[PDB]
């Protein structure tokens with residue numbers, strides 16, 4: 001990668017004849033070795049490269065071998081010589097007029113190889129040695145962008161602009177905005193008859209250079225131009241008229257570049273200067289008038305569909321999108337491929353299990369190691385006794401046995417609520433069993449990191465506390481109906497007049513009832529109208545979590561020592577159930593065949609609208625509806641025939657909510673009861689269902 005010094009064993013007269021002979025000769029790879037060997041010293045190297053580039057120049061500017069073939073073979077020779085030892089770009093940095101010759105000698109065909117030339121040449125600027133960046137004429141370089149290129153060429157352009165940003169930022173940006181304005185004006189003029197497939201080349205060029213701008217960022221001087229160009233009504237007209245037509249008439253692949261560019265135009269960040277060696281200060285801008293949110297909400301469904309078409313869009317194309325627009329399907333796929341890019345160093349470990357107690361042996365063999373080792377561990381499970389299944393089957397059986405034993409009655413770590421599970425009371429769980437909750441956190445974390453769908457079904461309170469989400473009142477409603485009714489009765493009515501209760505809540509401990517203050521100086525504080533919501537939510541947290549708190553805590557450090565907290569906290573508690581327990585496939589026909597109705601009929605218009613909505617719910621949203629209405633993502637093998645509620649077995653039951661059209665559906669997880677009110681339109685019903693499942 002550095003310069004090498006050799007004695008002058010070759011005179012400069014004969015290299016001219018050598019290069020001319022190579023020009024009129026094939027199989028020059030051996031000649032490549034010859035020229036590399038003779039160019040060991042600096043002087044002969046410089047003379048050889050300057051003679052070669054001058055010969056290439058005369059081969060095009062002013063004139064045996066045909067000029068095209070001779071010029072392309074000179075380019076190939078230059079590539080194969082510069083590509084080794086990296087020492088030839090140093091001469092380029094010393095002179096820098098030869099780069100001007102190269103750009104001057106760059107026709108429609110030269111670009112395909114000139115790009116690979118300049119990509120390697122850019123190594124000359126790695127140490128920042130130019131001494132005359134003003135006399136480089138990068139204007140013609142950036143003007144070449146109109147030429148016909150491919151993907152690798154564009155990537156090399158990205159590399160070179162990253163190298164030469166600190167050298168030529170202002171005119172680069174100016175030409176960028178000029179070209180963007182001309183391209184969008186051309187699109188605007190043809191917008192009546194614009195086709196994303198007929199003019200695909202132009203949109204490719206525009207989106208390419210706009211992504212180049214994003215990579216580059218803008219300065220404050222050109223901030224005025226950038227903000228002005230963020231106000232193009234072409235976006236509005238296209239998204240409002242042509243996009244609905246192009247969705248059905250044209251394929252999504254040719255339509256994606258326009259969405260990419262719409263992301264780009266507001267994705268630009270601010271760059272001030274290259275303060276660090278390689279770190280560039282990036283700052284984010286603002287807007288006042290832009291209605292990008294209106295557009296992204298307008299066509300969000302088909303946008304999500306096109307994202308489903310290509311997941312790689314979220315990594316390079318649609319990286320600037322907000323979390324809200326993306327649906328849990330695409331969001332979760334992106335989350336998988338984002339956590340799994342950190343493959344790290346994974347050591348494979350052979351592990352022993354016994355049929356009698358997998359839980360204890362697994363705990364012993366995993367907590368000998370640390371969090372990093374276990375998260376990267378490739379578990380080679382070998383079940384004792386029976387050896388007739390592959391390693392994957394052994395590991396799957398180990399998974400299932402761990403899932404069964406963590407809810408085991410003898411272990412009593414989690415008492416079942418039906419399909420889901422919750423940790424038992426503080427008295428039932430021994431103080432020593434706190435390590436098993438860290439074990440369960442680790443198990444679920446590695447199962448998620450292994451992309452394994454386990455049978456760990458839990459309450460929404462458990463998932464909320466895992467995701468640092470406050471526990472809502474529905475979770476306590478699931479366990480205690482009278483308590484929930486009392487709390488909602490207190491919350492809704494003006495009870496402060498006749499409340500006559502302090503902030504603290506009594507919870508009997510057999511021998512005596514102690515005054516547990518819910519906050520600082522809690523006993524002396526009474527409940528008032530202003531703090532009624534605070535009182536209700538604090539009592540909700542302290543009635544259930546305060547006997548389950550350290551189970552959740554231990555599970556928290558277990559689950560976060562296997563996975564990254566930041567990329568996890570951006571999910572919902574309902575989404576966490578599909579993340580941990582898996583994404584089951586639920587059947588709408590089986591859902592409606594064995595669902596009983598109260599106050600309605602199977603032929604009821606509103607009931608039929610509900611069943612049609614369930615029919616057209618996507619797997620994300622139908623799974624969320626199942627989770628909301630039934631209180632669990634677990635599905636029995638028989639389907640809805642053997643579905644159970646908290647209080648014994650209970651098939652799905654739909655009751656009349658006796659409310660207005662604007663009233664939202666309510667699901668009580670205690671008895672698998674979904675309160676279905678009277679609606680006026682199918683779309684209103686499906687939107688209400690979507691809001692209920694999303695929460």
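For the reader, a short list of remarks on this structure follows.
- Scanning segment 183-222 for residues that are over 29 Å from the mean Cα position of the chain (by Cα) and over 29 Å from residue 244 (Cβ atoms) returns 220, 221, 222.
- Residue ID - surrounded by the most Cβ atoms within 10 Å (Cβ to Cβ), chosen from residues in segment 24-46 that are under 23 Å from residue 65 (Cα atoms) and over 52 Å from the mean Cα position of the chain (by Cα): 25
- Residue in segment 519-540 that is crowded, with 17+ Cβ neighbours inside 10 Å and touching a strand residue (DSSP E or B) at 6+ places or on another chain (Cβ under 8 Å) present: yes
- Those helices (runs of 4 or more DSSP H) lying entirely in segment 355-430 with at least 2 residues under 30 Å from the mean Cα position of the chain (by Cα): 371-376, 391-406
- Search result, residues across segment 623-676 that are assigned to a helix (DSSP H, G or I) and in contact with a helix residue (DSSP H, G or I) (Cβ under 7 Å, 6 or more places away or on another chain): 623, 624, 625, 627, 628
Note: ideal-geometry Cβ built from the backbone for every residue, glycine included; neighbour counts use all protein chains shown. Only the coordinates and a few stated rules stand behind these numbers; no lab work does.
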